[PDB]
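What follows is one chain in C-alpha coordinates, specifically the form deposited in one PDB entry.
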(Lines give C-alpha, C1' and ligand atoms only; values in the text may rest on other atoms or scores of the structure.)
Protein backbone atom coordinates (compact mmCIF):
# COMPACT_ATOMS: atom_id res chain seq x y z
CA UNK A 1 0.00 0.00 0.00
CA UNK A 2 1.13 3.51 -0.78
CA UNK A 3 1.21 6.06 2.03
CA UNK A 4 1.25 9.67 0.89
CA UNK A 5 0.10 11.51 4.00
CA UNK A 6 0.37 10.89 7.74
CA UNK A 7 -2.87 10.31 9.69
CA UNK A 8 -1.77 11.89 13.05
CA UNK A 9 0.04 10.25 15.98
CA UNK A 10 -0.92 7.62 18.59
CA UNK A 11 -0.43 10.27 21.37
CA UNK A 12 -3.78 11.79 20.16
CA UNK A 13 -6.00 8.74 20.58
CA UNK A 14 -6.27 5.68 22.74
CA UNK A 15 -4.25 2.83 21.14
CA UNK A 16 -6.32 0.27 23.04
CA UNK A 17 -9.41 0.82 20.78
CA UNK A 18 -7.53 -0.07 17.71
CA UNK A 19 -5.46 -2.97 16.34
CA UNK A 20 -1.93 -1.37 15.96
CA UNK A 21 0.65 -2.93 13.68
CA UNK A 22 4.05 -1.22 13.92
CA UNK A 23 6.62 -0.77 11.25
CA UNK A 24 10.18 -0.60 12.79
CA UNK A 25 12.36 2.17 11.40
CA UNK A 26 15.89 3.18 12.09
CA UNK A 27 16.61 6.70 13.05
CA UNK A 28 18.22 7.18 9.59
CA UNK A 29 15.12 6.06 7.77
CA UNK A 30 12.86 8.64 9.32
CA UNK A 31 13.54 11.42 6.79
CA UNK A 32 13.23 9.31 3.63
CA UNK A 33 10.17 10.49 1.64
CA UNK A 34 10.31 7.36 -0.64
CA UNK A 35 10.91 4.10 1.14
CA UNK A 36 9.67 0.49 1.38
CA UNK A 37 9.05 -1.22 4.67
CA UNK A 38 7.42 -4.30 5.96
CA UNK A 39 5.31 -4.15 9.13
CA UNK A 40 5.70 -6.55 12.07
CA UNK A 41 2.60 -8.38 10.80
CA UNK A 42 4.31 -8.64 7.40
CA UNK A 43 2.34 -5.98 5.36
CA UNK A 44 4.45 -4.32 2.60
CA UNK A 45 4.16 -0.56 2.69
CA UNK A 46 5.64 2.19 0.57
CA UNK A 47 5.88 5.63 1.85
CA UNK A 48 5.76 8.33 -0.84
CA UNK A 49 5.22 11.32 1.37
CA UNK A 50 3.74 14.47 -0.31
CA UNK A 51 4.30 16.86 2.71
CA UNK A 52 6.72 14.93 4.99
CA UNK A 53 7.34 16.24 8.63
CA UNK A 54 10.39 18.51 8.64
CA UNK A 55 12.19 16.46 11.40
CA UNK A 56 11.30 13.04 9.97
CA UNK A 57 8.78 10.40 11.05
CA UNK A 58 8.47 10.15 14.84
CA UNK A 59 7.63 7.43 17.32
CA UNK A 60 3.89 6.70 17.05
CA UNK A 61 3.22 8.53 13.80
CA UNK A 62 0.19 6.94 12.13
CA UNK A 63 0.75 5.80 8.46
CA UNK A 64 -2.67 4.13 8.02
CA UNK A 65 -5.90 4.25 9.96
CA UNK A 66 -8.97 2.51 8.68
CA UNK A 67 -11.89 1.26 10.74
CA UNK A 68 -10.08 -0.04 13.78
CA UNK A 69 -6.78 -0.95 12.04
CA UNK A 70 -3.67 1.24 12.44
CA UNK A 71 -0.09 1.03 11.10
CA UNK A 72 2.29 3.20 13.18
CA UNK A 73 5.91 3.97 13.34
CA UNK A 74 8.24 2.56 15.91
CA UNK A 75 11.86 3.82 15.99
CA UNK A 76 14.45 1.14 16.76
CA UNK A 77 17.09 1.68 19.49
CA UNK A 78 20.55 2.31 18.13
CA UNK A 79 23.99 2.93 19.59
CA UNK A 80 23.98 6.60 20.70
CA UNK A 81 26.46 8.93 22.31
CA UNK A 82 24.87 10.79 25.18
CA UNK A 83 26.58 14.19 25.68
CA UNK A 84 26.48 16.12 29.02
CA UNK A 85 27.69 19.71 28.57
CA UNK A 86 28.57 21.70 31.74
CA UNK A 87 28.30 25.25 30.32
CA UNK A 88 26.72 27.36 27.59
CA UNK A 89 30.15 27.71 25.95
CA UNK A 90 30.46 23.92 25.83
CA UNK A 91 27.02 23.54 24.29
CA UNK A 92 27.95 26.11 21.59
CA UNK A 93 31.31 24.30 20.84
CA UNK A 94 29.72 20.81 20.82
CA UNK A 95 26.88 21.87 18.54
CA UNK A 96 29.24 23.90 16.13
CA UNK A 97 31.64 20.98 15.87
CA UNK A 98 28.93 18.27 15.28
CA UNK A 99 27.30 20.67 12.77
CA UNK A 100 30.58 20.96 10.84
CA UNK A 101 30.63 17.18 10.61
CA UNK A 102 27.01 17.17 9.35
CA UNK A 103 26.26 14.49 11.95
CA UNK A 104 22.71 14.18 13.30
CA UNK A 105 22.05 15.81 16.69
CA UNK A 106 19.09 15.56 19.04
CA UNK A 107 18.00 17.48 22.13
CA UNK A 108 18.10 15.67 25.49
CA UNK A 109 15.98 16.20 28.53
CA UNK A 110 18.10 19.10 29.81
CA UNK A 111 19.31 21.85 27.50
CA UNK A 112 22.88 20.70 28.37
CA UNK A 113 22.28 17.16 27.18
CA UNK A 114 22.31 15.91 23.60
CA UNK A 115 22.25 12.64 21.79
CA UNK A 116 24.06 11.85 18.45
CA UNK A 117 24.40 8.51 16.59
CA UNK A 118 27.55 6.61 17.42
CA UNK A 119 30.31 7.48 14.94
CA UNK A 120 34.01 7.00 15.80
CA UNK A 121 35.05 10.50 14.68
CA UNK A 122 32.28 12.08 16.85
CA UNK A 123 33.48 10.15 19.94
CA UNK A 124 37.10 11.11 19.14
CA UNK A 125 36.06 14.76 18.88
CA UNK A 126 34.23 14.78 22.18
CA UNK A 127 37.19 12.98 23.85
CA UNK A 128 39.60 15.52 22.40
CA UNK A 129 37.35 18.30 23.76
CA UNK A 130 37.04 16.69 27.24
CA UNK A 131 33.26 16.61 26.97
CA UNK A 132 31.42 14.10 29.25
CA UNK A 133 29.78 11.38 27.24
CA UNK A 134 28.68 7.76 27.33
CA UNK A 135 27.62 5.30 24.72
CA UNK A 136 24.20 3.61 25.32
CA UNK A 137 21.53 1.86 23.34
CA UNK A 138 18.57 4.34 23.09
CA UNK A 139 15.93 5.77 20.86
CA UNK A 140 16.78 8.83 18.57
CA UNK A 141 13.23 10.15 18.19
CA UNK A 142 12.84 12.63 15.31
CA UNK A 143 10.64 15.06 17.45
CA UNK A 144 13.86 16.00 19.27
CA UNK A 145 16.08 16.37 16.26
CA UNK A 146 17.90 19.68 15.51
CA UNK A 147 17.12 20.72 11.89
CA UNK A 148 19.50 21.77 9.16
CA UNK A 149 17.63 24.52 7.35
CA UNK A 150 20.00 25.71 4.70
CA UNK A 151 22.55 22.91 4.06
CA UNK A 152 25.61 23.86 1.92
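Residue numbers count along the first chain shown, from 1. Between two forms, the rigid core is defined as the largest C-alpha subset superposing within 1.5 Å.
What comes next is about the form deposited in another entry, which is not displayed.
- Just one residue from the list 101, 36, 54, 86 crosses the 2 Å line for C-alpha shift between this form and the one not shown on a rigid core fit, and it is 36.
- After superposing the rigid core, the C-alpha of residue 130 moves by less than 2 Å between this form and the one not shown.
- For residue 7, a C-alpha deviation of 2 angstroms or more is recorded between this form and the one not shown after rigid-core alignment.
- Relative to the superposed core, residue 17 shifts its CA atom by 2 Å or more between this form and the one not shown.
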